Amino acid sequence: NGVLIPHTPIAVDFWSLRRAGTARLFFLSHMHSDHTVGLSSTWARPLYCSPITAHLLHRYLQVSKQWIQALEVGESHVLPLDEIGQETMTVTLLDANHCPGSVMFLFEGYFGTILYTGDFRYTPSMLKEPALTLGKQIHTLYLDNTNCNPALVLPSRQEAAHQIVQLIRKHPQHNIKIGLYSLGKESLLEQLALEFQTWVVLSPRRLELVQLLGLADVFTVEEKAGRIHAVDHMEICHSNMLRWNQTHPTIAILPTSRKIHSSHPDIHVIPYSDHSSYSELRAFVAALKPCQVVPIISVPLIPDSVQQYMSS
């Protein structure tokens, strides 16, 4: 899932080091296990992320803040491309709507104008972002083509949320176990606490996260507080289904974009999405008018100092 922009020392969501080589400036769009394998306490090279992403990275991977230059979303910042006071590059982070601290990167330099989207959930508001409202011509757009594959239909966030609420409605006497990742889908937990007028049980780390986002005070760690429990998706399995049903009638929900067969009758795999649908991408690209689109090619003129920055 990592991308290395050719003929530039730019690696977005890529931390293989040996496979990178020419990379010198590393960017992270959002905290998601898919795009962060290699980050650790030993990662000792510059890294740029969003505010909330800076907090989350430092906490949940123990990366030093020394190598984490956090930049505010929406503004344009200047980053070097060499060891001298010569060439630079402009980065603009835009709200991606994928998850907490999710951003898209807009790079401007000798390579032209590139727009990395990472994972992003298109909203119409996204088109009215000052950085893209100046009629600027993107020369290359790394687009989130996740839902472009017509292999299997996937409902939207709202459709899947409706299905979850109907499911829990049909089972008012049951405990509910929601399988999640380490990021995303906190708003859905808020909405469930609203509709069912209960308290959502969390892990201590998930509680700390929720308080990072400043959500409504509807969460708790006491297991007996509410009938809705939020747990790691790896906990939802047949063995644990029997384990929980040996205490109180329990029902598991697995919101996911994958193709997963339920290994239990009381496990409901709910096809989630968390990505932009095809028609949304159509409107998006038709408004952007990008020179070319690349799923997640012209050779630029690499300046003299940058070529030295790439080889060291």
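The first residue of the shown sequence is 1; numbering continues from there.
In the deposited sequence, the stretch from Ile296 to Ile297 hides 10 or more residues that have no coordinates. Mean CA temperature factor is higher for 66 to 74 when stretches 249 to 257 and 66 to 74 are set side by side in the entry.
According to the PDB record, 127 to 135 carries the higher mean C-alpha B-factor of the two stretches 155 to 163 and 127 to 135.
Reading the B-factor column for the CA atoms of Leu56, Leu39, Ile270, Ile267 in the entry, the top value corresponds to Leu39. Note on the listed residues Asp232, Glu83, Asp217, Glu190: the highest Cα temperature factor in the record is that of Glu83. Ranked against the other modelled residues of its chain, the C-alpha B-factor of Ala287 as given in the entry falls in the highest third. For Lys224, the recorded CA B-factor ranks within the highest third of the chain. Only modelled residues enter the ranking.
Ranked within its chain, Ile236 lands in the lowest third, by CA B factor from the PDB record. In the deposited entry, the Cα temperature factor of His275 places it in the middle third of its chain's modelled residues. Remark: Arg45 belongs to the highest third of its chain, ranked by C-alpha B-factor as recorded.
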